[PDB]
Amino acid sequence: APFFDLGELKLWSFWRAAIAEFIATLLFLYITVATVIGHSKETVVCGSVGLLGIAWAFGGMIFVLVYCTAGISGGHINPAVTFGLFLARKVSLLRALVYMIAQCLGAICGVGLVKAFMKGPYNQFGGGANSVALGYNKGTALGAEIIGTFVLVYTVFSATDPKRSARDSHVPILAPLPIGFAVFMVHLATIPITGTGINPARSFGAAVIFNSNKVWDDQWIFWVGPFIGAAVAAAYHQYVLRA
C-alpha cells in the first residue's frame, strides 16, 4: 500500500473531502450532544425525548450525514470507519490521516458549539462525554466497544458500493440507511455501559470540551475499543471474501 495514490494529487477534491468530513462531524456532535444535554437537564419526568430519542439522534444523524457526504468524501464521519477501510486497502494512509484530523477537529467544534449554547447544563450533566458507567469495569466497557464497533464496521463493509466511488477517488460510496440503523441499534444496547463510543472522534471531542479527569482516564477505551472492532470487521469482510 503506498502512503498516497494519484487521487490525493487532485487537491481540489481532496481539500473538499476533508472539509466535508470536517463539517459533517461537527454537525454530528452538535445535534447528538445537544439532544443529550436537553434530555438530561429536563425537570419533568418523561418530559424528554428519553434514551430512545438519544439513540435516534445518533443513528439518524449518521444516516443523514452519510447520505450527504458519501459522494463527496465516502461518508465516514468516524475514525474507526476510516481505519477499517484503510485496513481493507480502500483508503491510502495519507487520506486516512487527513480524514481523522478533520473528523476530530470537527468533533471538538460541534461539542464546542453545544457548550457555547448552554454552558450551565452542558457542564452539569456530563458534557456528552463517554466513560465507564457505574457497575461495569474497564474490560467490559472495552468488550462492549469492540463488539459495537464491529457491528457498525461490518454494516459499512456490506454497504459499500463495488462500482461507485466518491468524486475523483476510488473511495466507495456507502448506503447511508443500514449504517445509520446499525449506529442506532448499537446505542440501544450500549448507552447504559459507556454512553456508546464506537467513534473515536465523537469520544475525543466530548473529552476535549468537557475536560474531566475521570473522562480522560477512560478515553483510551474509545480509541482502542473501536479500532480493534474495526480491524476484526475488516478481517471478517476479507475472510467471508466479499469486497
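One-based numbering along the sequence shown.
Enquirer: May I ask you to compare 59 to 67 and 30 to 38 by their mean CA B factor in the entry and name the higher one?
Expert: Per the deposited B-factors, the answer is 30 to 38.
Enquirer: Compare the mean C-alpha B-factor of 73 to 81 with that of 110 to 118 as given in the PDB entry, and name the stretch with the higher value.
Expert: Going by the record's values, the stretch with the higher mean is 110 to 118.
Enquirer: Based on what the PDB entry reports, which of 186, 51, 44, 177 has the top C-alpha B-factor?
Expert: Comparing C-alpha B-factors across 186, 51, 44, 177, the top value belongs to 44.
Enquirer: Highest recorded C-alpha temperature factor, please, choosing from 96, 151, 142, 105.
Expert: Out of 96, 151, 142, 105, the record gives the largest C-alpha B-factor to 142.
Enquirer: Among the modelled residues of this chain, does the Cα B factor of residue 182 put it in the lowest, middle or highest third?
Expert: Lowest third of the chain for residue 182's C-alpha B-factor.
Enquirer: Based on the entry's values, in what third of the chain does the Cα temperature factor of residue 160 lie: lowest, middle or highest?
Expert: Its C-alpha B-factor belongs to the lowest third of this chain's values.
Enquirer: Would you please rank residue 167 by its C-alpha temperature factor against the other modelled residues of its chain and give the third it falls in: lowest, middle or highest?
Expert: Ranked within chain, residue 167 CA B lands in the lowest tercile.
Enquirer: Quick one: classify residue 228 as lowest, middle or highest third of the chain based on its Cα B-factor.
Expert: Residue 228: CA B-factor falls in the middle third of its chain.
Enquirer: Report the third (lowest, middle or highest) to which the CA temperature factor of residue 15 belongs, ranking only the modelled residues of the same chain.
Expert: Middle third.
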